[PDB]
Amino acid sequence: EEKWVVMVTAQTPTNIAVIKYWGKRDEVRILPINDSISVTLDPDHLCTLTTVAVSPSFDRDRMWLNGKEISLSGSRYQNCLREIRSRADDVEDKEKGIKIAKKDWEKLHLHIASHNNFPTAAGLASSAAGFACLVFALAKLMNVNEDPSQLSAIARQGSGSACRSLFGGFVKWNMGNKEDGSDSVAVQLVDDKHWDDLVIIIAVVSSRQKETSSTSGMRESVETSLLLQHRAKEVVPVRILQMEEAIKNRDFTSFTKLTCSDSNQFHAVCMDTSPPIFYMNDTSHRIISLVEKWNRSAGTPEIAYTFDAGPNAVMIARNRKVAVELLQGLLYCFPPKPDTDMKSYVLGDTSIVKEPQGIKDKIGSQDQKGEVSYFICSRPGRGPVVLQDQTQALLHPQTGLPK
């Protein structure tokens, strides 16, 4: 048998919902009970990088995540692979003498290696950027003839939030109304330049509490929370329309009202679940109080917050001057562990990190030390991209096994 190896490497950003996805109506096709809207983040310290490879000499589909092999046996990987394979087409690399016929893909096995630049015990959705990257890279590999919105639908079957990482900027996942899920897809609302002033600051919060997974948790809520249905039918459709308008016109005050309140309502549904799900901790509450105080002592709002399925705070600053104030604010309230290199305790961006009483005004009181593990600054970012520089591939170009 032949031993050529075709591979593709892609880099895919993560995203952060400002109007939240919580609860499915279909556990197999992954269709949600409401729309959601998110912001794609800049790749640095947040993206997932993935290399996919096909060879007639691979005996098995196999996958590696951050160095360790893992199972593709599960339904989420099995459904993406199946859907993308079924759309594979003729490929031909003439320089290398390789012709793959459409039918060949029914038997060619795949090797996938993937790397998450978010620290793994830090707590950010690895799944979102990850299934989006897999789908996007495989779609290049197999010459699938489909736009990002249709590819959205495949990524969605690996993880619901993954479908929103196929575009940059601000992205809407439409819940769709067809049974087959074909219209449950993401679409870009605006690109990453429309609102380039926003700066994002993630507080990765210390906690050893292991968090109920988003998939199980939201299933539990659909099954036991008597408030979720009312959220889904009567609250979120309206919030979707207001958030669209707020993004269109960069109304940061409307954007702040919506983001904070939809995050809080999502955590309210989690508390109304039986047994209750507690994703925020006392540090989380302390960050919200800081943000709400800071905004009251500045009249018009300067900072929004949102929280996913954990205590990590995501803060969104109206612009860079706010970001610089806030970052000194946050360092006062969340001083580090003793002997801590500030190069390690505040990742991202560079210019803002390199940069005071009038701030003590807006925050008030200092906290105990080390409630925060570290901060990450970022920005709205573009969508996924292919990497042509093979130095960045994670599979060996000849063995098809992890470097």
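Counting begins at 1, following the sequence as shown.
According to the entry, the stretch of the deposited sequence that connects residue 355 to residue 356 contains 4 to 9 residues lacking coordinates, which leaves a gap of moderate length in the model. In this crystal structure, the stretch out of 153-161 and 299-307 whose C-alpha atoms carry the higher mean B factor is 299-307.
Relative to one another, 23-31 and 371-379 have unequal mean CA B-factors, and 371-379 is the one with the higher figure. For the set 104, 245, 183, 272, the maximum C-alpha B-factor listed in the entry falls on 104. Per the PDB entry, 124 shows the highest C-alpha temperature factor of the residues 124, 80, 232, 113. Per-chain ranking of the deposited C-alpha B factor places residue 217 in the lowest third.
Among the modelled residues of its chain, residue 342 has a C-alpha B-factor that falls in the highest third, as given in the PDB entry.
In the deposited entry, the Cα temperature factor of residue 148 sits in the middle third of values across the chain's modelled residues.
Ranked within its chain, residue 265 lands in the lowest third, by CA B factor from the PDB record.
Remark: residue 108 belongs to the middle third of its chain, ranked by C-alpha B-factor as recorded.
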